[PDB]
Amino acid sequence: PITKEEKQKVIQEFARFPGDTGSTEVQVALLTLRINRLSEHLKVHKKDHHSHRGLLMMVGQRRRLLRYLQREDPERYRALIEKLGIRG
Amino acid sequence: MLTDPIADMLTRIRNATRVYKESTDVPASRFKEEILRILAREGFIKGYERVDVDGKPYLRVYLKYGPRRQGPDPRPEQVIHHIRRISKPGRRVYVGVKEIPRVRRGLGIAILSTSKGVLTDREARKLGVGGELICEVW
Amino acid sequence: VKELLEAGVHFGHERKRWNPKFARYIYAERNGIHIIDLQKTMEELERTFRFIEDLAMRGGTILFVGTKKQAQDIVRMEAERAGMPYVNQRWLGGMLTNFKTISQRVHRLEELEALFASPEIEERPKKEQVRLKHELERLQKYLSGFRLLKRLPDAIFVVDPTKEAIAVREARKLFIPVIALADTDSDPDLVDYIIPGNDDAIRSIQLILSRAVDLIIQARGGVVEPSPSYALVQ
Amino acid sequence: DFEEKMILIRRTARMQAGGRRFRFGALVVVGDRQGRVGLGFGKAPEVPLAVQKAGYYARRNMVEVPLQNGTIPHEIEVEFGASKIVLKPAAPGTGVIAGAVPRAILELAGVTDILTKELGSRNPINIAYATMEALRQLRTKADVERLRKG
RNA sequence: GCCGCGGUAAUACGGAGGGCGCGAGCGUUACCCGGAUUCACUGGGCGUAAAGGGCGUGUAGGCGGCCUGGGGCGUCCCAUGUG
RNA sequence: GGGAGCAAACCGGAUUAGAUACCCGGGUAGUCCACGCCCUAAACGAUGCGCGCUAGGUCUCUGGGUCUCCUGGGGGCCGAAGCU
């Protein structure tokens, strides 16, 4: 899966400030990481549907967040979405 | 997640009562206490008071019931045999001054929110106003 | 005098097979059993006897009942030793509620009680000599304490209510003050004068039933010593 | 002894070898006309017997109808099983506007003016017991605040 | 009119005596509202009576916790025009 | 592509008045796999989802604790009030 070690790298990379174990920026960055991972997966196990479902959720959840973000603040929205390179 | 907190308060009350309980704790809400104050200022409950369930501020609401009864089902009659919200979030209910309800041929009440405070089927009428027909008790 | 007696060995009963209603009368759960709060017990005893007394002094009859073995006998005593009707055997259905009709048997009792001593015994075949004689054995077997007054009670005292809740019911439909010694395996609500306390250990039963009859008599004149309580009392 | 007018009488039936056996149900109302009405449903092998029992059972079951000026104290809706019923007090000299049942009962109730309506199942028996619980649930400005003393 | 009636004793058909109703009218057919809380805002429902979508994800839309302040569109009051 | 067993259809044998069946002996597609369609059902708890409120008892799967007990999640039974 994802090493605690790698998972952190992400977190430490998006934390709006030292510490910051949660938050939008993060929750998103994280979901993403999981998504692609899971993506690449199913891109191999088309037959693995149940897991597909999980993607969607992960997928929507991210939608949600960004939406809040975009709403609350556009600035760091463009920022995040940009750095993660999303919304295609 | 509670859509209409008020309708809840009533229900919490409408349930605690149906079983004969000392007091019930409805979650803190200025506007809620109003329906409470009025609820008591009209003699439907012993009264109430603020509390806190671990940083969680609620409102103890003491229920008033009747005298024990003679015969089967010696269950004491209740002060509130009926409370039901009117204006719901799914359908706001507004009334003009001439439209205010006449709860239980006068024996009843009809709390409601007005531009100038929270009044009842008489009070508001006396003030000659109108507003969101919050509900009705009796 | 009171406390000590009770505190002696006459409180705390049924365990884990209770009724939440009766949660107002109970101190704690020691090693399993529910330890009823005597402190409160007392308070209730009061109002109860108050009533009893406020009735025992106005020419009112009471009906006691206890159809459980671990409390039969005694109830038989305390009743005769007070002239207060009672039920020790099978509490027939519709007694209070169908008195007029149950009475019909009481009358049938004497109907025989009289034919018992008579010259008509010279005749009559063995068929009936056995029929009647037997028909009386049982007849007399159930009404031994349900005769006295040919008028409904002004109240009724009882051991385990729920055990005889049926009587209770009858009582309640006919509007009749209900008083009784109930433990944790019963619901108060439908009990007017509640004597909270053990309903099986004859120890508590005797006591609470004893001081009850005395009190029934204190309002009549003739204060004496207790009644035959011990004979095999543990 | 009061007015004693019977709502309805019927002939039920049961099955058994050789044939069906009958019985009769009589529903009766008994009111003085001052605020006391009783509702007794009597069943027995024969019309008369039924009737009577209804009366007896009735008297044994009555209720204090808190009249007022000749009408009810306030409006009331009472659902009893399939049946439902509305009761609205009308100004004096109005009439007792209700169906056979609520009437027969309300007439002896003592009311002279009351607006009504049977809702849901119109079954006699049930509307009958329905009407009762209706009355049996009425209130006066007195016994109203009599409760909200405090 | 709905329920139903007539198979050789029909209060249901046809005549008669009688009776009830309304009356210069009385009936019939047609159509609208009612009763019908039987499209249900007032005022209904879906476990077995007709009625939960095979399940999920989610767009629009509908609905929304607690506290303080600004605006005042909804809402409410007064006056006036109008009707 | 694969094919042992079973098995609509099919053929025999019986049963029966008949037996296009139930029972018996055989038997193909299918049932299997890959990839792609079809998208139905007594697709049932015949009970939409989310949240709040309203006695307990019992046994059971699983998590935590200063572990005869307390507390969290799920599945069953019996049942307060109340509903029908």
# chains A, B, ... in the order shown; residues from 1 in each chain; ligands from 1
call {"tool": "residues_around", "arguments": {"residues": "residue 36 in chain E", "least_positions_apart": "5", "cutoff": "12 Å", "atoms": "only C-alpha atoms (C1' of nucleotides)", "output": "PyMOL selection string"}}
result
(chain D and resi 119-120) or (chain E and resi 43)
call {"tool": "write_last_selection", "arguments": {"atoms": "C-alpha atoms (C1' of nucleotides)", "output": "PDB file, in the first residue's frame"}}
result
ATOM      1  CA  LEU D 119     -64.264  10.046   9.083  1.00  0.00           C
ATOM      2  CA  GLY D 120     -62.566   6.880   7.993  1.00  0.00           C
TER       3      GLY D 120
ATOM      4  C1'   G E  43     -57.349  16.333   4.195  1.00  0.00           C
TER       5        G E  43
END
call {"tool": "residues_around", "arguments": {"residues": "range 6-21 of chain B", "least_positions_apart": "5", "cutoff": "10 Å", "atoms": "only C-alpha atoms (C1' of nucleotides)", "output": "number ranges by chain"}}
result
B: 26-27, 29, 31-33, 35-36, 61-66, 75-89, 134-135, 137; F: 52-55, 80-82
call {"tool": "write_last_selection", "arguments": {"atoms": "C-alpha atoms (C1' of nucleotides)", "output": "PDB file, in the first residue's frame"}}
result
ATOM      1  CA  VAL B  26     -32.923  19.847  24.762  1.00  0.00           C
ATOM      2  CA  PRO B  27     -29.756  21.341  23.157  1.00  0.00           C
ATOM      3  CA  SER B  29     -30.744  27.543  21.524  1.00  0.00           C
ATOM      4  CA  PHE B  31     -34.788  30.924  20.074  1.00  0.00           C
ATOM      5  CA  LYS B  32     -35.550  27.564  21.629  1.00  0.00           C
ATOM      6  CA  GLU B  33     -35.668  28.880  25.185  1.00  0.00           C
ATOM      7  CA  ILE B  35     -40.682  28.673  22.998  1.00  0.00           C
ATOM      8  CA  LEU B  36     -39.743  27.405  26.431  1.00  0.00           C
ATOM      9  CA  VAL B  61     -36.827  21.157  30.901  1.00  0.00           C
ATOM     10  CA  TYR B  62     -38.897  20.109  33.894  1.00  0.00           C
ATOM     11  CA  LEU B  63     -42.190  18.503  32.990  1.00  0.00           C
ATOM     12  CA  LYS B  64     -45.457  19.073  34.817  1.00  0.00           C
ATOM     13  CA  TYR B  65     -47.999  16.248  34.993  1.00  0.00           C
ATOM     14  CA  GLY B  66     -51.346  15.771  36.700  1.00  0.00           C
ATOM     15  CA  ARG B  75     -51.434   6.893  34.892  1.00  0.00           C
ATOM     16  CA  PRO B  76     -51.721  10.616  35.711  1.00  0.00           C
ATOM     17  CA  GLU B  77     -53.189  12.829  33.012  1.00  0.00           C
ATOM     18  CA  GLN B  78     -50.744  15.261  31.425  1.00  0.00           C
ATOM     19  CA  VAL B  79     -50.546  19.020  31.148  1.00  0.00           C
ATOM     20  CA  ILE B  80     -49.645  18.749  27.458  1.00  0.00           C
ATOM     21  CA  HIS B  81     -51.792  16.229  25.663  1.00  0.00           C
ATOM     22  CA  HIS B  82     -50.673  17.709  22.359  1.00  0.00           C
ATOM     23  CA  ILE B  83     -47.819  19.668  20.849  1.00  0.00           C
ATOM     24  CA  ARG B  84     -47.156  19.774  17.087  1.00  0.00           C
ATOM     25  CA  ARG B  85     -45.024  22.085  14.981  1.00  0.00           C
ATOM     26  CA  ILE B  86     -46.747  24.088  12.296  1.00  0.00           C
ATOM     27  CA  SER B  87     -44.359  26.097  10.153  1.00  0.00           C
ATOM     28  CA  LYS B  88     -41.857  23.454   9.032  1.00  0.00           C
ATOM     29  CA  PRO B  89     -38.578  24.079   7.107  1.00  0.00           C
ATOM     30  CA  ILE B 134     -44.228  28.379  14.797  1.00  0.00           C
ATOM     31  CA  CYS B 135     -46.672  25.878  16.299  1.00  0.00           C
ATOM     32  CA  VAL B 137     -49.786  23.452  22.175  1.00  0.00           C
TER      33      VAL B 137
ATOM     34  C1'   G F  52     -32.961  12.984  16.709  1.00  0.00           C
ATOM     35  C1'   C F  53     -36.064  11.106  20.630  1.00  0.00           C
ATOM     36  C1'   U F  54     -38.693   6.866  23.630  1.00  0.00           C
ATOM     37  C1'   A F  55     -38.144   0.551  29.759  1.00  0.00           C
ATOM     38  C1'   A F  80     -42.037  -0.926  28.223  1.00  0.00           C
ATOM     39  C1'   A F  81     -44.865   3.090  26.328  1.00  0.00           C
ATOM     40  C1'   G F  82     -46.799   3.687  21.866  1.00  0.00           C
TER      41        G F  82
END
call {"tool": "residues_around", "arguments": {"residues": "range 191-199 of chain C", "least_positions_apart": "5", "cutoff": "8 Å", "atoms": "only C-alpha atoms (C1' of nucleotides)", "output": "list in words"}}
result
residues 10, 11, 12, 13, 14, 25, 36, 41, 44, 45, 47, 48, 159, 160, 177, 178, 179, 180, 181, 182, 183, 184, 204 and 205 of chain C
call {"tool": "interface_residues", "arguments": {"of": "chain E", "to": "chain A", "cutoff": "8 Å", "atoms": "only C-alpha atoms (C1' of nucleotides)", "output": "number ranges by chain"}}
result
E: 56-58
call {"tool": "closest_residue", "arguments": {"among": "B:24, B:113, B:70, B:3", "to": "chain E", "atoms": "only C-alpha atoms (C1' of nucleotides)"}}
result
B:3
call {"tool": "interface_residues", "arguments": {"of": "chain B", "to": "chain D", "cutoff": "7 Å", "atoms": "only C-alpha atoms", "output": "mmCIF file with N, CA and C atoms, in the first residue's frame"}}
result
data_model
loop_
_atom_site.group_PDB
_atom_site.id
_atom_site.type_symbol
_atom_site.label_atom_id
_atom_site.label_comp_id
_atom_site.auth_asym_id
_atom_site.auth_seq_id
_atom_site.Cartn_x
_atom_site.Cartn_y
_atom_site.Cartn_z
ATOM 1 N N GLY B 43 -47.624 28.284 31.871
ATOM 2 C CA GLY B 43 -47.826 27.146 32.757
ATOM 3 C C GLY B 43 -47.958 25.737 32.188
ATOM 4 N N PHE B 44 -47.034 25.334 31.317
ATOM 5 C CA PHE B 44 -47.072 24.001 30.727
ATOM 6 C C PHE B 44 -45.987 23.129 31.307
ATOM 7 N N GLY B 66 -50.197 15.658 35.815
ATOM 8 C CA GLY B 66 -51.346 15.771 36.700
ATOM 9 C C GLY B 66 -51.331 14.879 37.938
ATOM 10 N N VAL B 79 -50.287 17.608 31.385
ATOM 11 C CA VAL B 79 -50.546 19.020 31.148
ATOM 12 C C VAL B 79 -50.610 19.272 29.642
ATOM 13 N N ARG B 104 -57.534 25.292 20.351
ATOM 14 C CA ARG B 104 -58.467 24.586 21.221
ATOM 15 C C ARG B 104 -59.513 25.538 21.791
ATOM 16 N N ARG B 105 -60.318 26.110 20.900
ATOM 17 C CA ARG B 105 -61.377 27.033 21.292
ATOM 18 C C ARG B 105 -60.985 27.951 22.433
ATOM 19 N N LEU B 107 -58.758 27.356 24.905
ATOM 20 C CA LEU B 107 -58.062 26.659 25.973
ATOM 21 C C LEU B 107 -56.614 26.488 25.565
#
call {"tool": "atom_distance", "arguments": {"atom1": "CA of residue 60 in chain D", "atom2": "CA of residue 134 in chain D"}}
result
18.6 Å
call {"tool": "interface_residues", "arguments": {"of": "chain B", "to": "chain E", "cutoff": "9 Å", "atoms": "only C-alpha atoms (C1' of nucleotides)", "output": "PDB file with C-alpha atoms, in the first residue's frame"}}
result
ATOM      1  CA  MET B   1     -28.042  15.987  11.812  1.00  0.00           C
ATOM      2  CA  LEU B   2     -31.312  17.622  12.857  1.00  0.00           C
ATOM      3  CA  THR B   3     -32.963  19.621  10.106  1.00  0.00           C
ATOM      4  CA  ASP B   4     -35.458  21.504  12.294  1.00  0.00           C
ATOM      5  CA  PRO B   5     -34.081  21.782  15.872  1.00  0.00           C
ATOM      6  CA  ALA B  28     -28.983  25.017  23.810  1.00  0.00           C
ATOM      7  CA  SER B  29     -30.744  27.543  21.524  1.00  0.00           C
ATOM      8  CA  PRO B  89     -38.578  24.079   7.107  1.00  0.00           C
ATOM      9  CA  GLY B  90     -40.100  22.143   4.242  1.00  0.00           C
ATOM     10  CA  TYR B  94     -46.822  32.623   7.775  1.00  0.00           C
ATOM     11  CA  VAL B  95     -49.990  34.327   8.969  1.00  0.00           C
ATOM     12  CA  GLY B  96     -51.408  37.813   8.959  1.00  0.00           C
ATOM     13  CA  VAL B  97     -52.782  39.400  12.113  1.00  0.00           C
ATOM     14  CA  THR B 114     -43.033  37.886  15.089  1.00  0.00           C
ATOM     15  CA  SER B 115     -41.016  40.862  13.939  1.00  0.00           C
ATOM     16  CA  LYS B 116     -41.469  42.216  17.450  1.00  0.00           C
ATOM     17  CA  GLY B 128     -52.027  43.118  16.621  1.00  0.00           C
ATOM     18  CA  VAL B 129     -49.188  41.703  14.510  1.00  0.00           C
ATOM     19  CA  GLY B 130     -48.165  38.559  12.666  1.00  0.00           C
ATOM     20  CA  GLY B 131     -45.383  36.212  11.660  1.00  0.00           C
ATOM     21  CA  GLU B 132     -44.154  32.633  11.287  1.00  0.00           C
TER      22      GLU B 132
END
call {"tool": "closest_residue", "arguments": {"among": "C:53, C:130, C:21, C:117", "to": "chain F", "atoms": "only C-alpha atoms (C1' of nucleotides)"}}
result
C:21
call {"tool": "select_by_dssp", "arguments": {"residues": "range 100-145 of chain D", "states": "strand (DSSP E)", "output": "number ranges by chain"}}
result
D: 114-120
call {"tool": "select_by_dssp", "arguments": {"residues": "chain A", "states": "helix (DSSP H, G or I)", "output": "number ranges by chain"}}
result
A: 4-14, 24-42, 49-72, 75-84
call {"tool": "closest_atom_pairs", "arguments": {"of": "chain C", "to": "chain F", "cutoff": "9 Å", "atoms": "only C-alpha atoms (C1' of nucleotides)", "output": "tab-separated table"}}
result
residue	atom	partner	partner_atom	distance
C:16	CA	F:57	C1'	8.3
C:17	CA	F:57	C1'	7.2
C:18	CA	F:56	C1'	8.4
C:19	CA	F:56	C1'	7.1
C:20	CA	F:55	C1'	6.3
C:21	CA	F:55	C1'	7.8
C:31	CA	F:68	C1'	8.0
call {"tool": "write_last_selection", "arguments": {"atoms": "C-alpha atoms", "output": "PDB file, in the first residue's frame"}}
result
ATOM      1  CA  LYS C  16     -31.504  -9.185  37.738  1.00  0.00           C
ATOM      2  CA  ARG C  17     -35.118 -10.150  37.002  1.00  0.00           C
ATOM      3  CA  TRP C  18     -36.624  -6.851  38.034  1.00  0.00           C
ATOM      4  CA  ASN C  19     -38.759  -4.048  36.668  1.00  0.00           C
ATOM      5  CA  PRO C  20     -37.255  -0.642  35.885  1.00  0.00           C
ATOM      6  CA  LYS C  21     -40.312   1.146  37.262  1.00  0.00           C
ATOM      7  CA  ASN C  31     -22.987  -9.482  44.585  1.00  0.00           C
TER       8      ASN C  31
END
call {"tool": "closest_residue", "arguments": {"among": "C:32, C:93, C:153, C:119", "to": "residue 55 in chain C", "atoms": "only C-alpha atoms"}}
result
C:153
call {"tool": "closest_residue", "arguments": {"among": "F:34, F:39, F:6, F:23", "to": "chain A", "atoms": "only C-alpha atoms (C1' of nucleotides)"}}
result
F:34
call {"tool": "closest_residue", "arguments": {"among": "B:42, B:22, B:73, B:99", "to": "chain C", "atoms": "only C-alpha atoms"}}
result
B:73
call {"tool": "closest_atom_pairs", "arguments": {"of": "chain D", "to": "chain F", "cutoff": "12 Å", "atoms": "only C-alpha atoms (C1' of nucleotides)", "output": "Markdown table"}}
result
| residue | atom | partner | partner_atom | distance |
| --- | --- | --- | --- | --- |
| D:80 | CA | F:84 | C1' | 11.5 |
| D:81 | CA | F:84 | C1' | 8.5 |
| D:82 | CA | F:84 | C1' | 9.9 |
call {"tool": "write_last_selection", "arguments": {"atoms": "C-alpha atoms", "output": "PDB file, in the first residue's frame"}}
result
ATOM      1  CA  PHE D  80     -60.251   5.065  17.251  1.00  0.00           C
ATOM      2  CA  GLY D  81     -59.095   2.209  15.072  1.00  0.00           C
ATOM      3  CA  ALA D  82     -60.257   2.508  11.479  1.00  0.00           C
TER       4      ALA D  82
END
call {"tool": "closest_atom_pairs", "arguments": {"of": "chain D", "to": "chain E", "cutoff": "12 Å", "atoms": "only C-alpha atoms (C1' of nucleotides)", "output": "CSV"}}
result
residue,atom,partner,partner_atom,distance
D:83,CA,E:37,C1',11.9
D:84,CA,E:37,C1',10.5
D:85,CA,E:37,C1',11.5
D:117,CA,E:37,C1',11.1
D:118,CA,E:37,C1',10.3
D:119,CA,E:37,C1',7.1
D:120,CA,E:37,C1',7.5
D:121,CA,E:37,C1',10.9
